[PDB]
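*Asks:*
Here it is as C-alpha cells:
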C-alpha cells in the first residue's frame, strides 16, 4: 500500500480507507509547498520512421518500320511513409515539503480519518502518434500511332490517384509535411517537459498518520494488511453477486419458469443477501479483528444455481438429414423443427436468449448464395453477407457444478460440409479431429428441481 | 547502513527503522541550507558511432553489333548508421549544512523516531540513446534495346526503398539529421549538468541521531546490526510465506483434494501463521535482544508440503507407440489417453494446471504441417505456427524434500523424431546423450497422506 | 392474452402474387424466399 | 558447489566439435562455444591448516 490509481474527485490531503478503497475526510493533512518548483522527472522517447517505399517503374516501347509507329509509356510510383512515437514522462514527489495533521470532530475517528492520507500526487504524461502516408500511385501512360494517308492515336493518359494521411495523436499533458508536423509536437513534447508543464495526475502516494509530527496519537490506526488478506473470499463474492443482479434484470419475463412472481423475489433475494455481505464489509471497518468469523451467507454458486434452475429451456432436438450418395453417414442438423426422414440424435433443454452471463451462441452459417453448412460460435451471419442462421442458441462453453455435465462437440468435413456434431468426450478435446470447431456442455436433466 | 534505495514518499529529515526498512516520523530533523548551491557532481560519457556502411555497386553492360543494342544499368546503395551514448551524473552531499533534532513527545520514542534519519538525498541523472538509420537501398536499374524497322525497350526502372530511424531515449533529469539531434541533447546533457539542474533523487544518506549536537540523549537508539544478522532465517521465511498465499488463491477449486472446505482453512492457516512471524518482527522492534529466541512457527517447507499433498493429480500414463521398421525400438508418447498396441511405461500423478510456483510445463510440439515429434519445456506451440499439441502438463524441474524423488528424462534422435523419454538418473545429467533436452522429477507415491 | 393469432407475408419473385397466410413460429425459424414480415392480430377470445 | 570462499573450480573443457581434452581452472566452457563439460568441482588451490 504505497500507490493507488487516480480516482476522480480526489483532493490532496484526505483520508483513505485502504481496505474499502474508498475516500475519507478531506483536508485532514495540510501540505505547505515551501519551494515553488516542479519535481524531478523521467523521460522516455521511442520513435520509428518506417522506410520510404519509393518505386518508379517506367516503360518505353517503340516500334516502326506504309510506315507505322508505336510509342507507349508508363509510370508507376509508390511512397509509403509511416511514423510512430511514444513519449512517457513521470515526475517524482518533492522531498522538501512539510506535512501536518488537523483535528476533526467524530466519536468514530477511525471511519472518518481512515488509515492513510494522500500526501502528494505522482504526475506524468503520455504521447502516441501514428502517421500513415500512402503512395502517390502515379500512373503516367501514353500511346501513339502514326500510320503513313495519315493517322494519330493518343487516347491513353492517366495520373496519380492516392493520398492517405492517417494521423492519431493521444496526449496527456498540462496547461502552461504532416510527418514533420507530428515530429515537432513530438520533439516539442520532449523539450516541453524540461519546462515542467507536464503535470497530469497519474498515481497517489499514501502516507501513514503515525509518521506525522503533529500527530499526538489522536487515535490508533488499524493495520488492514492481514484483515484484507483474510477477507478475500468475501471480496470476490461481492463482485459476483453484483454481476448476477443484472442476470435477473436483463432476462425477460416470458422465459421464467414460475412466471410473474419470480422476477421480484429472485431480484429481492439477491439484493437482500447483497446487504448481508456489504454490511459485513462495513463491519470489518469498525472491527478488523472480526475477519476471523466465517461467512454466514449463501454461496454465489448455490444462489447462481437457483437462478438457472428457474429458467425455461428450448428442446433443440438435433436431427440427422439424409443426403443421397451416403452410406452409414448422415448429416446432423441442429434444428428445433421436426424433419421428415431425419434421424433425431438427442433432445435437450437449451437457452434461446442471451443476457445470461457465462453463455455463448452457436449460430450455424448457411450460405444463402450456396449450400455450405457452417458452425460459428459467437459469430453470427451478420459478420458476412448472404448467409443464414440455421440455428442460434446460447450455451455454456464450460461445465458448471451439477448443472451442465453432458457434452456436445462440433466436427466438420473439409471436402463436404456435412455437419458432424456428436456427443464428444474430454478426449475429443485432448485429441481433436481435423476441422473440429468447438465443444459445449448442455444442462443435465438429472438435476433435482 | 549508509545508503538506501529511494522509496516514494520519502521526506527529508525523517526517521528510518533500518531493520524493518520502513519509514518513521517525518520532520524529526531540520536541515538548514546555509548556502544555496548545488553540490559537486561526477560525470560520465560513453559514446559510440558505428561505421557508415556505404556500399555503391553499379553496373554498365553494353552490347551491339540488323544491328542490335543492349544498355543495362544497376545501382545498389547501403548506409547503416548506428549511435549510442550513456551519460551518468552523480552529485554529492554538501558539507556546509547544519543538522538539528526536534522533540516529539511519545511514550515509545523508539518506534516513532527509529534509528537513523534522512539527512541528504544523493542526486543524479541518466541518459541512454540509440539511433539506427537503415540503408537507402537505392536500386537504379535500366535496360535498352535498339534493333535496327526499329525497336525500343526501356521497361526497367526502380528506386530506393529503405529508411528506418529507430530512436530510444531514456532520461532522468530535473527541471530548470536525427543522428545530430540526438547528439545535441546528449552533448547538451553534459553541458546541462554544469549548470547543476540534474537533481534526480537516487539514494538517501543515513545519519545517526547521536551525532546531532541538539541531541541531549532523548533516548537510547538500538544498534540493529547484530539483531538483523541473527534474524535472517526469519526474514526469508516471510517472503516465502507471502508468496505461497498466492499459491492457494491462484489454483481453482476443481483441483483440490478435499473440495470446498480446503481453500479457506488452507488460506486461513497460511495467514494465521503469517501473523505469528509478522508480530515476531514487530516484537524485534521493541526488543532486539529477543533475537536469541528460536522460531516457534511451522516451517515454510513443512507447510508447503501440506499445500501440495492436498492437490489432485493427473495420471499421465506414457505409452510406447509402435512404428513399422523398428525392432526392439519403440516410440514413447506421453499421452493420457489409452492407446492400442502402445506399451505403457509408467503411470504417475502429475500437475495439469499452472499457478503452482516451482513448476514448469513440458509441451510436446507436433508439426501440424508434418509429423515431427518435439518436446519443449516452458515453450508451447504458440511461439511457432502450425504445431499440434500432444501433451502439456506442469512439473517440478527439480526435486523437493520427500515429495518429488522419481525422475524422468527426455532424449530425441536427430535423424528420426522418435521421442525417447525414460527414467533417467543423476549420472544421465552428468554425462548427457546427444539431443537430450530436459529432465524432470515427478511426485513419489510413497509419500504418506 | 390479446394478440396471439398470427399473419405472415410471402411473395413470389417471378410474379407479384401476394401470398399472405397464417404463419407459425417455425415459419419464422425457417423463412421462405421473399417472405417479408409477420405480424400478430388480436384474438377475439379475449373476455370483454 | 561454490559459495565457499577460498575455493576454485577445475572445469574440464571437452570439444563438442571434436574430442580435445582440456582442463581449465575457474574457466568454464561458457567462455568458448561448443565445449562439452566433463567435470567441474570447486577445490582449494592452496593448503589449509
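Chains as they are written, first to last, in the authors' numbering: chain A, 2 to 66, 78 to 160, 174 to 201, 216 to 488; chain R, 2 to 66, 78 to 160, 174 to 201, 216 to 488; chain B, 441 to 488; chain Q, 392 to 440.
The C-beta atom is built at its ideal place from N, Cα and C for all residues, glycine as well.
Can you give, in chain order, each stretch of the beta strand (DSSP E) that sits fully within the segment 284 to 365 of chain R and has at least 3 residues?
*Replies:* You should have 358 to 360.
*Asks:* Which of helix, strand or coil does DSSP assign to residue 267 of chain A?
*Replies:* helix
*Asks:* Does DSSP put residue 392 of chain A in a helix, a strand or coil?
*Replies:* coil
*Asks:* Enumerate in chain order the residues of its own chain whose CB-to-CB distance from residue 176 of chain A is below 7 angstroms, with the five nearest sequence positions on each side excluded.
*Replies:* Closer than 7 angstroms at Cβ, skipping near neighbours: 157.
*Asks:* Let me confirm a value: residue 115 of chain A is counted as buried when at least 16 other C-beta atoms fall within 10 Å, else exposed. Which label applies?
*Replies:* exposed
*Asks:* Mind listing the chain B neighbours of residue 375 of chain A? Cutoff is C-beta to C-beta under 9 angstroms, in chain order.
*Replies:* For residue 375 of chain A, the neighbours in chain B by C-beta distance under 9 angstroms run, in chain order, 466 and 469.
*Asks:* Give a yes or no on whether 8 angstroms exceeds the smallest Cβ distance from residue 344 of chain A to chain R.
*Replies:* no
*Asks:* The alpha helix (DSSP H) with residue 466 of chain B in it runs from where to where?
*Replies:* 465 to 469
*Asks:* Consult DSSP for residue 121 of chain R and reduce its assignment to one of helix, strand or coil.
*Replies:* helix
*Asks:* Please list the partners that residue 62 of chain A has in chain R, where partner means a Cβ-to-Cβ separation under 9 angstroms.
*Replies:* 176, 177, 178, 179 and 180
*Asks:* Cβ closer than 7 angstroms: which chain A residues qualify as neighbours of residue 33 of chain R?
*Replies:* Under the 7 angstroms cutoff, chain A gives no residues; its nearest Cβ is about 12 angstroms from residue 33 of chain R.
*Asks:* To which residues of the same chain is residue 460 of chain B closer than 8 angstroms at the C-beta, ignoring the five residues directly before and after it?
*Replies:* 447, 448, 449 and 450
*Asks:* Under three-state DSSP, which class holds residue 407 of chain R?
*Replies:* coil
*Asks:* So which residues of chain A does residue 425 of chain R contact, with C-beta pairs closer than 7 angstroms?
*Replies:* The contacting residues do not exist; residue 425 of chain R stays about 13 angstroms from chain A at best.
*Asks:* For the segment 39 to 55 of chain A, enumerate the residues whose C-beta is nearer than 8 angstroms to any C-beta of chain R, in chain order.
*Replies:* 39, 40, 41, 42, 43, 44, 45, 46, 47, 48, 49, 50, 51, 52, 53, 54 and 55
*Asks:* For the segment 270 to 303 of chain R, list every residue whose C-beta sits within 8 angstroms of some C-beta in chain A, in sequence order.
*Replies:* 284, 288, 302 and 303
*Asks:* Would residue 89 of chain A and residue 149 of chain A be called neighbours here (beta carbons separated by less than 8 angstroms)?
*Replies:* yes
*Asks:* Between the C-alpha atoms of residue 78 of chain R and residue 79 of chain A, what's the straight-line distance to the nearest angstrom?
*Replies:* 18 angstroms
*Asks:* Where do the ends of the alpha helix (DSSP H) carrying residue 231 of chain R lie?
*Replies:* 217 to 233
*Asks:* Counting pairs of Cβ atoms below 8 angstroms between the segment 272 to 279 of chain A and the segment 317 to 329 of chain A, do you hit three or more?
*Replies:* yes
*Asks:* At the 8 angstroms Cβ level, is residue 219 of chain R part of the contact set with chain A, yes or no?
*Replies:* Contact of residue 219 of chain R with chain A is not assigned, every C-beta pair being separated by 8 angstroms or more.
*Asks:* Suppose contacts are defined by Cβ-Cβ distances below 8 angstroms. Is residue 14 of chain A in contact with residue 30 of chain A by that definition?
*Replies:* yes
*Asks:* Between residue 414 of chain R and chain A, is the shortest Cβ-Cβ distance under 8 angstroms, so that the two count as touching?
*Replies:* no
*Asks:* Leaving out five residues on either side along the sequence, give the residues of the same chain with a beta carbon under 6 angstroms from the beta carbon of residue 137 of chain R.
*Replies:* 101, 197, 198, 237 and 239
*Asks:* Please determine if the segment 110 to 125 of chain A and the segment 19 to 37 of chain A are in contact, where contact requires at least 3 C-beta pairs separated by less than 8 angstroms.
*Replies:* yes
*Asks:* Since residue 18 of chain A is in the beta strand (DSSP E), which residue starts that stretch and which ends it?
*Replies:* 15 to 18
*Asks:* My output table needs one value for residue 38 of chain A: the three-state DSSP class, helix, strand or coil.
*Replies:* coil
*Asks:* Give me the Cα-Cα distance between residue 85 of chain A and residue 186 of chain R, rounded to the nearest whole angstrom.
*Replies:* 23 angstroms
*Asks:* Is the segment 328 to 348 of chain R touching the segment 359 to 370 of chain R in the sense that three or more CB pairs, one from each, lie closer than 8 angstroms?
*Replies:* no
*Asks:* So, for residue 132 of chain A: in the same chain, excluding its five sequence neighbours on each side, which residues have a beta-carbon less than 6 angstroms away from its beta-carbon?
*Replies:* Cβ within range, chain order: 105 and 244.
*Asks:* So which residues on chain R does residue 111 of chain A lean against when the C-beta distance must stay under 8 angstroms?
*Replies:* The contacting residues are 12, 27 and 28.
*Asks:* Which residues in the same chain have their Cβ closer than 7 angstroms to the Cβ of residue 465 of chain R, if we skip the five residues on either side of it in sequence?
*Replies:* none
*Asks:* Alpha carbons only, please: which of R:179, R:267 and R:12 is nearest the one belonging to residue 62 of chain A?
*Replies:* R:179
*Asks:* Would you please verify whether the beta carbon of residue 348 of chain A is less than 8 angstroms from any beta carbon of chain R?
*Replies:* With a threshold of 8 angstroms between beta carbons, residue 348 of chain A makes no contact with chain R.
*Asks:* With three or more beta-carbon pairs closer than 8 angstroms as the criterion, would you say the segment 384 to 399 of chain A touches the segment 422 to 436 of chain A?
*Replies:* Contact between the segment 384 to 399 of chain A and the segment 422 to 436 of chain A is present: three or more C-beta pairs spanning the two stretches fall below 8 angstroms.
*Asks:* Decide if the segment 401 to 410 of chain Q is in contact with the segment 418 to 427 of chain Q; the criterion is three or more beta carbon pairs, one per stretch, under 8 angstroms apart.
*Replies:* yes
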